């Protein structure tokens, strides 16, 4: 239907590779760099400038300054996750609040069934069908970051008409210990 036909007509499928150099030491990025899990305890890693040292986040390797791009994320039945995009120059050392003011445009799930945007004030999102796969859509020039249920195509949230002035990375955050990983669909190609 509309979602499938639209994504294919208009957005370039991004091949998102999770970047281990960015990941907080509490995260474990899979071998193929397509999945991330949250570990019990932090790994011993470099404190290189790219690495988030407080927020439990990882970025894709590739950033964008133009165009229409999408990727789909298999969240499955994981009870907590937040995903979206963030500016290249976000504060990576120390924990700043994850909001659009601070360069993050993200939504997600907390506490098993509370869907929300990471904004001030928060928008609580009523999803009586829980998504298992989420499509993330970037239109850099219009400034719209959209989230869809990637199975039934229903719209979840859009951040509308942002004037981006930095490169944008895919971002993924998982706070809790859960058996289901967060998985990037490759769609490639």
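Residue numbers count along the first chain shown, from 1.
In this entry, 127-135 shows the higher mean Cα temperature factor of the pair 127-135 and 51-59. Relative to one another, 93-101 and 79-87 have unequal mean CA B-factors, and 93-101 is the one with the higher figure.
For the set 158, 30, 154, 66, the PDB entry assigns the largest Cα B-factor to 30.
Ranked against the other modelled residues of its chain, the C-alpha B-factor of residue 41 as given in the entry falls in the highest third.
Per the PDB record, residue ranking by Cα B-factor puts residue 35 in the highest third of the chain. Per the PDB record, residue ranking by Cα B-factor puts residue 22 in the lowest third of the chain. The deposited CA B-factor of residue 179 belongs to the highest third of values across its chain.
Sorting the modelled residues of the chain by their CA temperature factor places residue 167 in the lowest third.
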